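In what follows, a structure is listed as structure tokens, so that the remarks can point back to it.
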Amino acid sequence: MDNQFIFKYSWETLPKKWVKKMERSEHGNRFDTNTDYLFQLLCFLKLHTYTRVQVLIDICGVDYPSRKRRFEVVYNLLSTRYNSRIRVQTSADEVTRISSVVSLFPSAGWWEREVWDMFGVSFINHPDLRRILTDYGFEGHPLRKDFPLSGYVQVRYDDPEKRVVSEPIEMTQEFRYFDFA
Amino acid sequence: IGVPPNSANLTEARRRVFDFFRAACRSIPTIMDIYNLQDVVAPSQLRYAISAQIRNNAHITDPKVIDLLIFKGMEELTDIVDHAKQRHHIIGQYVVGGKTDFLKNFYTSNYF
Amino acid sequence: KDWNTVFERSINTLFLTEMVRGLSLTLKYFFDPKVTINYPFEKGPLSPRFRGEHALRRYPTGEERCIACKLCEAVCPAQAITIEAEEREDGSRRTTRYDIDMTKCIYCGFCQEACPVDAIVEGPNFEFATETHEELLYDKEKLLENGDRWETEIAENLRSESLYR
Amino acid sequence: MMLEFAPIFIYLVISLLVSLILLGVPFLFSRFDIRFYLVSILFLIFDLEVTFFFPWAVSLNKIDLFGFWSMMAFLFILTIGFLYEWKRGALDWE
Amino acid sequence: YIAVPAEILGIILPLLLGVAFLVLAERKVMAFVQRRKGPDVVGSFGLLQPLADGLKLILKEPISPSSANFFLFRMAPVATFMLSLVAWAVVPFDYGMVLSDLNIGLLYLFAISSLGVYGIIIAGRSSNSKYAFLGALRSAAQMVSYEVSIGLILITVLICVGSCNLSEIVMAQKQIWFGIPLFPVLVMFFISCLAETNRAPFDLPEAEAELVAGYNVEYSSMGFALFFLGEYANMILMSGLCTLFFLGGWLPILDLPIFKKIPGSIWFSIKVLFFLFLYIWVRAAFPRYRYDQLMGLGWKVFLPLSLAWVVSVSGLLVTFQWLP
Amino acid sequence: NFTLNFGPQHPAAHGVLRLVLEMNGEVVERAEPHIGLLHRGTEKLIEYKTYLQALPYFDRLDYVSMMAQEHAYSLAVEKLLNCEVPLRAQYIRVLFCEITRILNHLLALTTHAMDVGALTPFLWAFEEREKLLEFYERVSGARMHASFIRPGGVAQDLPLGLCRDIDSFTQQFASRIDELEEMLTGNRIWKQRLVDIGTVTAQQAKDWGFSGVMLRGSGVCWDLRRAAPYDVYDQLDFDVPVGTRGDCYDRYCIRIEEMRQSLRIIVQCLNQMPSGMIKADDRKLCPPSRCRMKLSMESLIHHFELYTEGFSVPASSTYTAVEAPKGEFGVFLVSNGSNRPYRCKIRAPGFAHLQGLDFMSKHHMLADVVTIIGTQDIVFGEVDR
Amino acid sequence: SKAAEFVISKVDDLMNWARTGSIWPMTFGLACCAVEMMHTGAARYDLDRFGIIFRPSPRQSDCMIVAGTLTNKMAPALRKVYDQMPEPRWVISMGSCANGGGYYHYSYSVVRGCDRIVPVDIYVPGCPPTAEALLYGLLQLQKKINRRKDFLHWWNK
Amino acid sequence: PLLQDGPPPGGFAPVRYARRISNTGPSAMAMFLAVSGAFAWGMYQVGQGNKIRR
Amino acid sequence: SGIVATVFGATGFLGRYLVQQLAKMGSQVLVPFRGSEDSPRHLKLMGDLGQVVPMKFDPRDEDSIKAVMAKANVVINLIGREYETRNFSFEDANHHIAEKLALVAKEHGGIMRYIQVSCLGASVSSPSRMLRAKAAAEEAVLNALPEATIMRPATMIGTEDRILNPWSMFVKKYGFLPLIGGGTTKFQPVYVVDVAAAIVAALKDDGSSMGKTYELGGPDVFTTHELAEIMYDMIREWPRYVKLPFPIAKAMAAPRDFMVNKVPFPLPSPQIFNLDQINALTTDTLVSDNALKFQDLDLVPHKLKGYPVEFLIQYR
Amino acid sequence: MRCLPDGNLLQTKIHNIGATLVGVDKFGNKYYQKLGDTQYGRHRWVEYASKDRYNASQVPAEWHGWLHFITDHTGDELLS
Ligand SMILES: NC(=O)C1=CN([C@@H]2O[C@H](COP(=O)(O)OP(=O)(O)OC[C@H]3O[C@@H](n4cnc5c(N)ncnc54)[C@H](OP(=O)(O)O)[C@@H]3O)[C@@H](O)[C@H]2O)C=CC1
Ligand code: SF4
Ligand code: SF4
Ligand code: SF4
């Protein structure tokens, strides 16, 4: 089962309205789909006899500030049955909720929490969507390109209050940007 | 339990806004106990800050934005009750408990 | 299955036969020599490539090797290096400031690779723990002092490693 | 004779004094688990079994076969109790 | 009676020194098995390490958490330490070398063993920590469980001897040591002593890495020291009982004039030292059981075997009229 | 149900491990790991680095398998650049990948043993770790974060006499494995702590994205060195051990057998090691030698460019994965044509494995939780990034 | 006071000897630096041969080694464990991350040096410091403990 | 230069990777017979000692 | 700020709040200590790298005093003790060090601002010997430095205070609380943070605090009894009191005063039965209407209820 | 007499039995070797001049490489 067979067989068998873009390349076979079809496309690929995509390797977001739908959500999937990989991507914005695939691949649960934490994209029907990496009470989504590298707040011990507290950042030496272009 | 779909209309969104406000207000006694606010602020002042927050966003017309605001409010409330980060006159992001502004800003610094 | 195999299984269970073997091999290392190093009288082995405390080097005449190219500052993954430079009174291109924050540095050796004149090196010293954070903010003079103290070992190491780089 | 118990008492007092010196010199510079009740009951029963064995073991040379068989009957009753406890899962802690 | 305190001190002080050095010997033998050196810097061959750790511990500030059981919290380590000390009044080291020649000394030892649980229980409850309390309950349960087997083994020995006097038990082994015919009983006794002293492979309080907080987790400074010292003094005692009951106490290996030249206290010490080496050797050799596994072992393996051995020994001696 | 908040807070178990357990007495009902205690924003920081400056971040993800992640990152860059790596370099990269596998398994196996009470094998295994740590130091000058495997090959050639010292290590290593086995394998206590603990079926392993030993324990024959080979793994003989029961005892036996197979690979790399360059010859991506840089204008210009600007990578995106000691380690790299990565998503096997702690530990005793965490082989540097 | 000073100095030497010869550190293994610290306790360097025994609870600890990156999320947990340590207590910062933030200094989630949370007595440089470097740092801790005169200061207070 | 680290002429000596087995133990009937004989003869000796003590 | 301040006696209760507030305004703080190096250790946490610098000194050594002051242009004195030790008398700790500090600061010549911290009831005709020595220091510091600023806080409340903590310790260890004067003495207890805020405010003004003496008291007046109700409400325990008349209280506070200057070894500090503080309790100590209060420094003091007593949670 | 309190020095004294003097540096530190095979042939040690208050940083740079097996040249050969 080579990438030549997957590209051709997916063109013949998939419903046409699901896939808007198909890229066959040595970097990877990629299927771009609308958000309303992502869940169904991933269920087809998992259950169909000639694809048997049973493992969701991971889900990640990419931020494209110059785009109307700035977020790209990428699903890297694997078929151990046919020894092949597939990439399924869809686009999203700051307020549009997309479908969760936890009911298809239980491993998606923590990855979708990471996407919500890092980018602010929300997932319909996710059993427990809350931040997973950042500190409690964190504000913002650090992987957005407009989020500053050093953030907005920092912590320190405050003896009068006998506790660790958060205050606006003060940098002894700033990050030096070296524009080498 | 799961994240519900995006609200169809402002009636669905408002039902959700009312539901959140009710949950936020019903947790007020728990917060007062966690942060020991019995001698700092009144429970109604906590209620006013929550209703204020909601009233500042009364000009939003897009149900998707309202859903995101409710989700972020629910997340903020859960942290305050479960993982309290105690600061004296501050709960989360809420301060609890003859010259114009220009001349004050001028006296302070050159950056307004 | 068989009264003889059942018997052997029962006896092995009741008399802890496999627990004896673990005891026997445990006792064998009791009498053998130990591998402990008697630090600080004895030390562990290191190599000429070891990445330790940074140092600034001079030419044998006493002139500094550094010509403030700032390549090390640019390549540094931790942004631990700060450099200021200007023309010296004799027209030479030299730093007026060369700071390495030893608490930001990740001891990667990228700076030593980037330097075109073998001026900045990671020397072999690894025993330089301090009592204050500020003592680990190395300025140019501290770095040149390190170079003077460790020059004999640094030069020998560079001769050794000049066949690989 | 009970004379030999007096050194035990003086020993206890001295041990107490040592305990207090060691402990004092530094002051100068809602979930009921029935399986614990069940292990307590088992221990109590077999505690009484060890207790009734002490006189028997020292008296075996005089009581002869009659005493041996009466102790065996005693054990048989208590071991039937033990088998009941075993089959009922009182000896399982998983 | 005026010189009785001198005898008691000549027992208690060397025992506290012997415990200090047992801790050192445990650290040395485990180190050597692991190809390491062990404490060898603080004093020549590390021989001053016990003194340094003891002085460090007494120089540590006490903590005393804000609990409603201030008195019991401090009393629990005293209780266990005292219990560990007081058992030695009846231990004979040689013929005539014993503080109290109790005719009921066997039952007295069993009673002290039975009292040992209260220090752990009380420490766990008085700590105001559910982790400490749960760990304490499990340790107490394990101790009482293995006390049953210890007691039934004591009964086997008593049947052979016919007297509770410890010196009489030793002197009844002149013909033959009891560990030869009753070697399985000796094995089960040594294992039951490991489980009663909470030692590896049964050391639940050591399994903090395993999400099991021990009963002494809240203790610091000298209360923590008293718990540790009581536990180690119990290990020397259990090694002394293994020696008295099955290895013929102070008697020589062979009834020969060459072996009778070295005194009985040396024989007793050497056998005690063999057993203390095995306590450490086992710690160094095996992993540990879970709580449920060792509880199952206690009730389902060691109670039945101990009971069966009582029946078999008494029946064999009654049949052929070999009773004492 | 009462809740137990148990966070092993020292090298005893991980160190940033924090678990919320719901118990029924001693039986575990639900396990909820709380993570992010080691989240340092590595993925955000990488976007501000050139491709060379981001390389040391990979040594610090699974900080027990340092060179294996450097390999994965270098392979991803070589893939997008279409860079050819000399044969000698490929053999050195495979040789040190398998050395890195042994370092990992030695630590994973003996730290798990120490947590269940076997204190001795940790000490024996760490003296073998020191010998292998010496090989890291002799090639790179660092014991752990070598930064030795780079896009295009390796940083430096092997010092004379290193291959002989590795051969002397291999001659004796089988005996060291046999002693770790004799301590644990046959021992009835060891078997009671691991047999039928944390059973995973093959469907469960695929559903939760398990990889490596966590997947091969369930009888699924899947190793990326054979399924999607890279470097010279296709010229090497080794077996892929698989389990038959999918519990903690199979995964222990597999990790032991995997060290014997790693030893086998290292021997073949030693014997088949060819002469030649250790760096791709192209003069746009690899530093010149010191003598060349100090004698040739072209070489100096290239050196200046490489250590200030860094190389550019043409705009594209791809996912690259290797068989790391802990499972499939993947890098989703997005290039925008510039000298800094636009996006670097790091796929860590421990992220998938720790997420499956809840179903693996269900209805198990409290003391089995550490055993299950041990067989998963969790390092939070890669879980949290 | 030609006699009381001599007796005070001997008491203080004895207290210093006890405290340097018995250092029981509570390990705070956070990241890669913990692995080098595990090697320090292992057979080749054998911290136990110096009387150094690693304890699991802060109640029984004289010293805390911060070995690895401290995040904002973990900072309160570190400080709480420090506050449970009975006096006298010392802190050793191990590695660039714990010293000043290291490779992650400019991150949004990292504490830029553990000395912002607890007071630090010894800083051990390196990323990671070698096992021998940590051993050198612990011997520097012993050098600072030996400068203490706890009896003399209390006598004069 | 031209000298690079590598195998010696003919390659390194072969190394074993497989578990070499060990048959060490009396096992089975040896231990059971030893223990049973010890029990019987030692209990007879216990009888003799008790008679002497009497 | 370019302020380099040498704060004497910063290793005590008020000192930690002052150093933190001085670190906030960017001032570099020098912290002279007389004993162990672990006494200023908690102050290093405050401020940036190199901002808080502890330095060893000897109260009875003029050389060390000018050594630690040689680099500063602001000097704050907090040194003082409420009890007696055989080595330092009330006048030794409350007046002789204070005067010596003013004299070296006068021979320094570079000390722009000098602040001496005193007690509210510091008067020459005061029953307490501590307050008498305090008042003598007030005049002596002024005589040596007319431009100095005196501050007179009342009994300060905070985590490490010596009033509510010893009461709570006593109540938990015995079950009752004694009243040394029937719980009728009127004092104005002040949050310790407010005192530090006042000192920083006096350092930040346009020069309009030099030569004056401020009386810092809490926003509300309290009796010994009324303060004890705040303590009982916070620690969630049943109030129980034993009225102890003055001649019975002085009797229990006689031994330590009697034998402190005779026995050759140190004595524990007195918590509640300190004779000098009992003598202060005979008369009310309130803020005079003609003095300069918190309102003079554009400051409003914090009411005791709430956070200022939140540390009492640890006793429940 | 330092051997009684300082067990670290004693271990060096015992291992010194049968060793060979390689050189002495400026500070008085003495350098020994055995030429055996116990720790894989690593038998280089230093006996510090100060029997008390010795410290690892007292080894000069000329002898540091020898002591750490970085080089086979002694401090004397390097200085020449
Ligand atoms: N209730 C209160 O707290 C009130 C106090 N005040 C006054 O305010 C000042 C500061 O208060 P507070 O911080 O609570 O006081 P503390 O007693 O807690 O601290 C006093 C400071 O002075 C030092 N000190 C004490 N005696 C001597 C001495 N003989 N030689 C050298 N240094 C010495 C102490 O150092 P060390 O720790 O080393 O002893 C400490 O740093 C004091 O002068 C006090 O009298 C004002 C009103 C009431
Ligand atoms: S070692 Fe690396 S991180 Fe440190 S200064 Fe040199 S280049 Fe920068
Ligand atoms: S040290 Fe080297 S690389 Fe750095 S500025 Fe000087 S000459 Fe350039
Ligand atoms: S200092 Fe370096 S080795 Fe240590 S934890 Fe930080 S990144 Fe890892």
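So that the names make sense, note that chain A is the first sequence line, chain B the second, and so on, each numbered from 1. The basis for the numbers below is simple: all heavy atoms, side chains too, and nothing from hydrogens, waters or symmetry mates.
Interface remark: A/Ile169 contributes side-chain atoms only to the contact with chain G (heavy atom separation under 4.5 Å). Looking at A/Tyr152, neither its backbone nor its side chain comes within 4.5 Å of chain G, counting heavy atoms on both sides. Contact annotation for G/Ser109: neither backbone nor side-chain heavy atoms come within less than 4.5 Å of a heavy atom of chain A.
Around atom NZ of A/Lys68, no more than 12 heavy atoms belonging to other residues, nucleotides or ligands sit under 6.0 Å away. Heavy atoms of other residues, nucleotides or ligands lying less than 6.0 angstrom from CD of A/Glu174 number 12 at most. Residue G/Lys143 qualifies as open at atom NZ: its count of foreign heavy atoms under 6.0 Å is 12 or below. The 12-atom threshold is not exceeded at NZ of G/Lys80, counting heavy atoms of other residues, nucleotides or ligands nearer than 6.0 Å. Surrounding CH2 of A/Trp11 are at most 12 heavy atoms belonging to other residues, nucleotides or ligands under 6.0 Å away. Enclosure of atom CD in G/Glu5 is not indicated, since only 12 or fewer non-hydrogen atoms of other residues, nucleotides or ligands lie within 6.0 angstrom. Around atom OH of A/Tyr50, no more than 12 heavy atoms belonging to other residues, nucleotides or ligands sit under 6.0 Å away.
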>> Checking G/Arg116 against A/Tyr157 for the side-chain contact (heavy atoms from CB on, under 4.5 Å) test, could you report, in this order, the C-alpha distance in whole Å, the side-chain angles of both residues, the deciding distance, and whether it holds?
In response: CA-CA 6 Å; G/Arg116 293 173 63 101; A/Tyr157 184 67; over 6 Å; no

> Which is it for G/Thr71 and A/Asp135 under the side-chain contact (heavy atoms from CB on, under 4.5 Å) test, yes or no, and what are the steps along the way?
Replying inline: CA-CA 9 Å; G/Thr71 63; A/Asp135 197 4; over 6 Å; no

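Most heavy-atom pairs under 4.5 Å with chain G, from the set A/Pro142, A/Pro148, A/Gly140, A/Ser166: that is A/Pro142.
Of all non-hydrogen atoms in A/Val164 and G/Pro76, the two that sit nearest each other are CG2-CA, 4.1 Å. Nearest approach of G/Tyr106 to A/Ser150, heavy atoms of both residues: O-OG, 3.0 Å.
Residue A/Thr134 holds its OG1 atom at 7.5 Å from OH of G/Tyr108, rounded to the nearest 0.5 Å.
Using a 4.5 Å heavy-atom cutoff, the side chains of A/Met171 and G/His105 are in contact.
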